[PDB]
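Have a look at the structure below before the remarks.
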2 protein chains.
Amino acid sequence: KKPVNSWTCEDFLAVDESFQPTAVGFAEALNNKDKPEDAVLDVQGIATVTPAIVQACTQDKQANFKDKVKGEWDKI
Amino acid sequence: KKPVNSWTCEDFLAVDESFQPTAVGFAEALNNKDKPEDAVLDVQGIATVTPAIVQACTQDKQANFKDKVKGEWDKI
């Protein structure tokens with residue numbers, strides 16, 4: 001019931017493992033965007049950065065999830 | 001390399017099974033939206049409607065994926 005842009009790293013860590021790439025891609029589409037028609041879905045990128053984000057969120061449980069996504073994503 | 005908003009049902013069917021809920025959520029965040037701050041990620045919904053979408057795309061391989069998502073999603 002919490003909008004994704006208000007999740008903390010704790011909220012994300014409570015999402016079942018199988019749907020953690022989905023939360024990351026959701027947050028990416030939502031935020032990190034140009035124009036909807038140009039938005040590309042980089043399945044290798046999401047697959048690669050999700051574990052990084054799970055680790056980052058574990059060490060920083062009250063940070064904003066979407067900001068961690070944007071951050072991790074930039075630093076590869 | 002194809003923006004998600006230009007995928008046909010065929011493009012979606014070529015995505016590995018494990019990343020098909022991610023493609024559906026991505027398409028939803030992208031399109032089916034109010035305001036980013038209010039966008040909610042309904043993980044049960046995405047889990048339930050993905051198989052429906054895979055089936056609908058199978059019987060309509062040249063239909064636009066994102067439109068199929070919006071459609072399936074509406075009809076439960």
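Every chain in the structure tokens takes a letter, A first, then B, and so on in the order presented; its residues are numbered from 1, and the ligands are numbered from 1 following the presented order.
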Please, which residues of chain B lie no more than 10 Å from chain A when the count uses only C-alpha atoms, and can they be set out as a VMD selection string? chain B and resid 1 to 6 15 to 16 18 to 31 33 35 to 44 46 to 47
Here atom CA of residue B:8 and atom CA of residue B:64 stand apart by 4.4 Å
Which of chain A end up as alpha helix (DSSP H) when DSSP is run on this backbone - answer as an mmCIF file with C-alpha atoms, in the first residue's frame?
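Contents of part.cif, freshly written:
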data_model
loop_
_atom_site.group_PDB
_atom_site.id
_atom_site.type_symbol
_atom_site.label_atom_id
_atom_site.label_comp_id
_atom_site.auth_asym_id
_atom_site.auth_seq_id
_atom_site.Cartn_x
_atom_site.Cartn_y
_atom_site.Cartn_z
ATOM 1 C CA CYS A 9 15.682 -0.226 1.892
ATOM 2 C CA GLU A 10 13.893 -2.159 4.623
ATOM 3 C CA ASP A 11 10.666 -2.274 2.604
ATOM 4 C CA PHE A 12 12.560 -3.602 -0.405
ATOM 5 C CA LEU A 13 14.352 -6.254 1.717
ATOM 6 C CA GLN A 20 13.092 -8.098 -6.189
ATOM 7 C CA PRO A 21 14.196 -7.628 -9.823
ATOM 8 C CA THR A 22 10.586 -6.532 -10.498
ATOM 9 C CA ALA A 23 10.667 -3.879 -7.772
ATOM 10 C CA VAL A 24 13.959 -2.591 -9.158
ATOM 11 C CA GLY A 25 12.686 -2.381 -12.722
ATOM 12 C CA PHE A 26 9.453 -0.824 -11.491
ATOM 13 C CA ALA A 27 11.416 1.858 -9.604
ATOM 14 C CA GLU A 28 13.608 2.425 -12.646
ATOM 15 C CA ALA A 29 10.691 2.872 -15.086
ATOM 16 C CA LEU A 30 8.959 5.193 -12.612
ATOM 17 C CA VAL A 43 17.232 -7.149 -18.486
ATOM 18 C CA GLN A 44 20.953 -7.844 -18.050
ATOM 19 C CA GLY A 45 21.379 -4.540 -16.220
ATOM 20 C CA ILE A 46 18.503 -5.242 -13.864
ATOM 21 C CA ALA A 47 19.726 -8.802 -13.266
ATOM 22 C CA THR A 48 23.235 -7.474 -12.492
ATOM 23 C CA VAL A 49 22.319 -4.505 -10.271
ATOM 24 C CA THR A 50 19.647 -6.163 -8.117
ATOM 25 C CA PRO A 51 22.049 -8.174 -5.877
ATOM 26 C CA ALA A 52 24.192 -5.000 -5.549
ATOM 27 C CA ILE A 53 21.092 -3.141 -4.398
ATOM 28 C CA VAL A 54 20.108 -5.919 -1.993
ATOM 29 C CA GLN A 55 23.593 -5.692 -0.447
ATOM 30 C CA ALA A 56 23.575 -1.827 -0.354
ATOM 31 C CA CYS A 57 20.172 -1.799 1.262
ATOM 32 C CA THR A 58 21.330 -4.257 3.875
ATOM 33 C CA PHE A 65 15.071 2.529 -1.970
ATOM 34 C CA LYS A 66 14.581 4.463 -5.209
ATOM 35 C CA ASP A 67 17.585 6.613 -4.497
ATOM 36 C CA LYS A 68 19.657 3.498 -3.830
ATOM 37 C CA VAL A 69 18.485 2.150 -7.188
ATOM 38 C CA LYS A 70 19.559 5.288 -9.029
ATOM 39 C CA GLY A 71 22.858 5.247 -7.172
ATOM 40 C CA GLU A 72 23.771 1.584 -7.616
ATOM 41 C CA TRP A 73 22.706 1.785 -11.204
ATOM 42 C CA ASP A 74 25.119 4.651 -11.929
#
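Our summary of the geometry notes that atom CA of residue A:7 is positioned 8.7 Å from atom CA of residue A:63.
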What is the distance between atom CA of residue B:32 and atom CA of residue B:76, in Å to one decimal?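 Separation between atom CA of residue B:32 and atom CA of residue B:76: 14.4 Å.
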